[PDB]
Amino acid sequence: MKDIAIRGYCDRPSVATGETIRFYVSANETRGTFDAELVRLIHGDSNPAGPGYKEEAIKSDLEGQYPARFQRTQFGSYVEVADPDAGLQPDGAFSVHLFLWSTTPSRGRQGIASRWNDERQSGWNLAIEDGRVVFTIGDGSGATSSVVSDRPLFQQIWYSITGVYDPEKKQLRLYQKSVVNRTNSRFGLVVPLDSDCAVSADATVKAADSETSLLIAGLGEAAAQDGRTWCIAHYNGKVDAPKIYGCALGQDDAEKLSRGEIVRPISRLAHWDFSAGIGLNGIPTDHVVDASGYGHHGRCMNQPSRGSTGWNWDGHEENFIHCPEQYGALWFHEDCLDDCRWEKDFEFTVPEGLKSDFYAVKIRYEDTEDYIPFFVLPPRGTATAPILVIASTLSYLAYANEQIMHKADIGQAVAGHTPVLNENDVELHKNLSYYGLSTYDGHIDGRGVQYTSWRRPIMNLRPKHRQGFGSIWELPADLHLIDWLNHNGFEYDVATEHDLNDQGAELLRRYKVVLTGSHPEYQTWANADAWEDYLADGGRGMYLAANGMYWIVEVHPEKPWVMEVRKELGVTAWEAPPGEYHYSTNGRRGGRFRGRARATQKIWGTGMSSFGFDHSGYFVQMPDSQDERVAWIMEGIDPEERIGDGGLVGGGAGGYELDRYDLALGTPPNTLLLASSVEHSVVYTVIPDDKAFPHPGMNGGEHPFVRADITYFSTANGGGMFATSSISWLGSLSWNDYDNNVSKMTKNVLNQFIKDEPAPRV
């Protein structure tokens, strides 16, 4: 009922002194102006039990009035080949062949391969229309000639399709042939499949130059303007080895083509090997090679899934870098989005005296306001404070525009209560094509989202946002710490996980202590290495979260604003295709950190144990808390006092997600266990892994894994590591007007780490 009327995004998450960040805005319609302003974020939790929302206006060269315009967003993934000279519209006979794997065969008109202008009905398209493969040509007069398949496509079955325009016979032809093997299709060789056919129809028009780009997985909407061809009628599923011949092919050739032969190669006008480019570093590029040698190279748009099982995949090798010949398929989705591709409305260059911190561009337009958050770093190669706070921007991308409560059947089961959503969750659902999906949702065709991009308006990034799990979630939740820091006078710097992945341990080493966000769930291998190296040589860390360093993640080297992640298991009932676990951006296996022998315990001291969101618990102290060696941590904290009863996140300092101490998974031997959390309902759940096999009673209050452990361990050169192991830890800082055990405990550690003296040994 309330209407979000404007939204924006920036081109990059972090900017240091001297660098430039660009801002993009789109109003519901083009009229009036909006106001822009720079504000420093401080606290986003309007919960009345806490300190309420806080920000500060900063004078900036960017504030002012700007024309408000609507910016069209290109949605869905596809491949685009430039063809100004109309080379791919041969004046004579021609044929099109490809391999097909349709996931939404009945979801209305979908373009498989086209060089087609839909406004003039000109060119040629291969499309699914009414659940059938149709080959169509047009002359720009509005009349068309079509040949329609005899057998409707079966979902997720591999087909070889051949479309032929034969002007000699004034005839169109279509050759559909099913090429299912033991392992490439939904079902196997048992079922007696009659889905082959050869059909002909009369050709009553010439094919005309459509003046558009050639497309895979879509149709050109209208005559290209300024070079942009808009893609409509998005196809869902895979395409493999699409090629165009400069002659009409016959039954014989379509036969050979369906078995993998490259018939009449000299006559190929263009041939796209989607696997060309696969190396031991994967295929970290959008480039699409024209294997025919003709230079008609394409380009992936909106990150279709690369490194995907092809028509010939037989299952002997599951890593695409070791068998590219069987991974020549691209997986297209109508809801992919790697870049809104808007025109920038203004830009900003960080001036000298601007403190490193959390920032946003505040936008006012009519009776709506939007926040475009970004981050400011210190001048390159320097630090401006002793504390460094890592903004969990890899995790922000993972949950970017999450819509779990709208798409996941068990969404509320996991939450432990009917979720409380807001205006932002209604906007995502009305206009998905403006915002895109997260890695926790599924594509429309029931497959996990494995790419997520910063160059889009990310609504759950706004500080005043509240998330369905019970309160706030990621960036807003991290503002709990940013408020506690600023309230207690701590001078700190800020860097994103993207920056950690860029600079490595050299960044961390400029600080006495590095603080984690509330939920650093997603990390790059380089981030792991940087933390390990920093801590091993005198660094000091504070892991104020849980479920941190759980998923291995990669930053697209060609598109630093895209992140890739492939997961075995998700809340939404999306499939994890069998041979597609390895990342296209580095070729590595990825997945759970524990699975690559880098469990979180190995670096921060504790690792993922369970999750649950009906409410949070408190910490009861353990024997190690009265050890004289840690008396500095337990300052004004009586040994009988509960730690963290009460808070803005579920009402307790230990909940939402809980990490635990485990020697077998890498906890350093010299780790002390100061306290563990209690009061977890059966809503708290354990993820089945090699340590705990599923059985009745694998839930809170019934299994000893379901707790959070407060740990500390020392390292060489006066280093040390402190973990609270609860997402909701930072939610309890402000409790009782900052007079609580969770504040005293965190302060105790922080004051010790910023001291010019070694973290206490052991």
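Residue indices: 1-based, along the sequence shown.
Higher average CA B factor: 242-250, of the stretches 242-250 and 307-315. Averaged over Cα atoms, the B-factor as recorded in the entry is higher for 686-694 than for the other of 613-621 and 686-694.
Comparing the listed residues 71, 486, 281, 418, the entry records the largest Cα B-factor for 486. By the numbers in the PDB entry, the CA B factor is greatest at 363 among 494, 603, 232, 363. Placement of the Cα temperature factor of residue 628 within the chain: highest third of the modelled residues, per the deposited record. Among all modelled residues in this chain, the alpha-carbon of residue 713 has a temperature factor (C-alpha) in the lowest third.
When the modelled residues of the chain are ordered by their C-alpha B factor, residue 170 lands in the highest third. In the PDB entry, residue 261 places in the middle third of its chain by CA B-factor. Residue 706 sits in the lowest third of its chain by CA B factor, as recorded in the PDB entry.
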